[PDB]
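These notes concern the structure reproduced below.
Numbers and lists here come from the model and the stated rules, or from a named source; no laboratory instrument gave them. Note that each Cβ is placed from the backbone with ideal geometry, even for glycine, and that neighbours are counted across all protein chains shown.
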Amino acid sequence: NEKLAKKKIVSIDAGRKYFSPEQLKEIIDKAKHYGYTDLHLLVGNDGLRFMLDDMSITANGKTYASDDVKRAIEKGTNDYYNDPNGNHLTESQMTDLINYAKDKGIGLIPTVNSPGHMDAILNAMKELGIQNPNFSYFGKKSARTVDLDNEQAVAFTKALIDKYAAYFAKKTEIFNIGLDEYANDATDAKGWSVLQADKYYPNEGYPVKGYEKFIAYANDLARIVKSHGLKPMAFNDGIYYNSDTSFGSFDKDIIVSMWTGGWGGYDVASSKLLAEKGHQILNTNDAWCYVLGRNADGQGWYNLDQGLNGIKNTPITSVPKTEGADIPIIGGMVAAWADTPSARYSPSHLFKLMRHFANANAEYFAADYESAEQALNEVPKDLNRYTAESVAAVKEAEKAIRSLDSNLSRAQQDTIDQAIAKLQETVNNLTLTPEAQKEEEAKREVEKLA
Ligand SMILES: CC(=O)N[C@@H]1[C@@H](O)[C@H](O)[C@@H](CO)O[C@H]1O
């Protein structure tokens with residue numbers, strides 16, 4: 001009940017890798033069937049694979065024509081990965097997809113990642129004449145991250161997010177700004193420490209007020225998302241990294257997708273700290289997580305068997321790095337990633353992961369009422385042909401279906417299935433009146449004269 005009110009989300013990496021509208025509709029059908037509430041669609045994540053009809057941008061006193069932005073982005077994406085299946089979703093396809101999901105009671109949550117995982121936008125910005133948009137660390141240039149000290153590149157990124165946010169306004173509820181790295185490829189995976197370093201180790205060439213600037217950046221993206229009536233979300237990585245609250249405060253309306261509890265040399269804030277600060281927590285435990293193409297034990301980290309085992313061993317309420325506290329959650333999210341985007345997407349592998357997550361946490365997931373609705377529509381129309389006793393039993397069985405609690409969980413699916421089987425039995429039991437019997441035999445007789 002309070003369990004049923006939680007979000008249950010599947011995440012799909014359609015930033016690195018192309019997914020067709022047909023493929024996503026199939027994912028949505030499964031999400032509805034298994035009792036999920038939302039599809040989390042990354043469209044900006046290395047690649048940028050969603051294109052508005054109007055891509056014109058004004059940023060920091062400069063104007064960029066819609067057609068030039070489209071060309072620049074399309075090519076920037078292909079420079080990351082030129083996917084044989086496609087390049088991007090169009091605005092018509094996205095609007096249709098969102099409507100499709102909405103008719104099935106399923107929400108859509110887009111991600112456009114920054115300041116990291118934004119290769120395609122960085123490439124596009126170069127083509128559009130913005131100089132040095134990428135962060136560089138003592139001569140090593142990030143392929144994925146924007147330099148927060150480059151005002152023009154920051155202004156362009158923000159203007160692009162604002163344009164996506166304008167489109168998603170009213171059609172969606174939540175917008176994921178990501179915030180999940182800062183130049184890990186250029187700093188030996190220590191981007192957050194690099195941003196914090198100059199405060200504790202001055203005059204050594206570390207980015208001046210780096211982490212302070214990241215906070216302002218996060219907060220301004222949150223302001224932008226909210227100005228469009230949407231809720232901002234981000235991954236947990238950089239939010240009070242090293243539990244350091246001394247650089248400033250993150251906007252507490254930022255919903256945190258808590259995917260990692262960190263590891264040796266990667267010291268993220270505990271979910272305990274984030275919850276105490278007042279951030280809502282979406283449990284996105286990487287115990288559940290799955291990388292396309294890594295389909296069985298032995299094929300590397302986050303293979304499908306590993307994800308399945310994680311789902312068995314880590315319930316939806318089990319959040320990374322709790323430090324022993326009871327962490328309240330708004331929901332849970334299982335994630336499929338496309339780290340090697342040329343890997344073949346296998347729908348059946350994904351659905352297995354989704355089904356197991358639903359089954360392991362059945363009291364949280366919605367029951368499936370679709371077969372019940374179908375059973376009702378399939379009751380014969382011509383009931384006057386049948387015995388009063390047999391018709392009354394059918395009517396009773398229909399009523400029992402219509403009076404089922406509309407808020408059953410997946411754990412209570414049997415209740416619905418028994419009502420369906422009972423209706424079918426009563427329909428099977430429909431018995432012709434003597435008058436209908438005579439008419440039917442008269443009709444078989446003429447039909448034989450053919
Ligand atoms: C911030 C971060 O590194 N997120 C990573 C994502 O980019 C990657 O696709 C996935 C599987 O390897 O692990 C995620 O959580």
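Values as computed for the structure displayed
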quantity	calculated
Residue satisfying condition, being under 17 Å from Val69 (Cβ atoms) and either under 17 Å from the mean Cα position of the chain (by Cα) or more than 16 Å from the ligand (Cβ to nearest atom) (or both), within set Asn132, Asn123	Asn123
Among (1) hydroxyl-bearing (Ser, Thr, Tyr); (2) in contact with a helix residue (DSSP H, G or I) (Cβ under 8 Å, 6 or more places away or on another chain); (3) within 15 Å of the ligand (Cβ to nearest atom) - the single one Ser249 does not satisfy	(3)
Qualifying positions in the range 169-216 - over 19 Å from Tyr266 (Cα atoms) and within 16 Å of the ligand (Cβ to nearest atom)	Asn176, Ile177
Flag for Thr322 being surrounded by 15 or more Cβ atoms within 10 Å (Cβ to Cβ) and without any contact (Cβ under 8 Å) to a residue 40 or more places away in the chain	no
Selected residue (criterion: farthest from the ligand (Cβ to nearest atom)) from residues of the range 231-246 that are surrounded by fewer than 19 Cβ atoms within 10 Å (Cβ to Cβ) and under 26 Å from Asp198 (Cα atoms)	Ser246
Count of residues meeting criterion [of a type in the set (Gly, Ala, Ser), surrounded by 15 or more Cβ atoms within 10 Å (Cβ to Cβ) and either within 11 Å of the ligand (Cβ to nearest atom) or part of a loop (DSSP other than H, G, I, E, B) (or both)] in the range 279-296	1
Lone qualifier among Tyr36, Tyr80, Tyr64 - being under 18 Å from the mean Cα position of the chain (by Cα) and aromatic (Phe, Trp, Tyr)	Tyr36
Any pair with Cβ under 6 angstrom, 6 or more apart, that starts in the range 228-243 at a residue that is touching a residue at least 40 places away in the same chain (Cβ under 8 Å) and at negative phi and ends at one that is assigned to a helix (DSSP H, G or I) and not small (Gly, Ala, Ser)	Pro232/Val225; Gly238/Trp192; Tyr241/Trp192
Qualifying residue in the range 344-351 (condition: surrounded by 17 or more Cβ atoms within 10 Å (Cβ to Cβ), more than 17 Å from the chain's Cα centre (by Cα) and away from the ligand (no atom under 16 Å from the Cβ))	no
The listed residue being in contact with a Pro (Cβ under 9 Å, 6 or more places away or on another chain), under 22 Å from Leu4 (Cβ atoms), in the same structural domain as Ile239 (by CATH) and not hydroxyl-bearing (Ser, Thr, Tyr), out of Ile281, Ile311, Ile316, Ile330	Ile281
One residue from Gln299, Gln306 being in the same structural domain as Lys352 (by CATH), in a helix (DSSP H, G or I) and out of contact with any helix residue (DSSP H, G or I) (no Cβ under 6 Å at 6 or more places or on another chain)	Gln306
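Listed here are the residues, each with its yes/no results for (1) buried (at least 18 other Cβ atoms within 10 Å of the Cβ); (2) among the aromatic types (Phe, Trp, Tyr); (3) free of Cβ contacts under 8 Å to residues at least 40 places away in the same chain.
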position	(1), (2), (3)
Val256	yes, no, yes
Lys277	no, no, yes
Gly298	no, no, yes
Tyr302	yes, yes, yes
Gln306	yes, no, yes
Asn313	no, no, yes
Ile327	yes, no, no
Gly332	yes, no, no
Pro341	yes, no, no
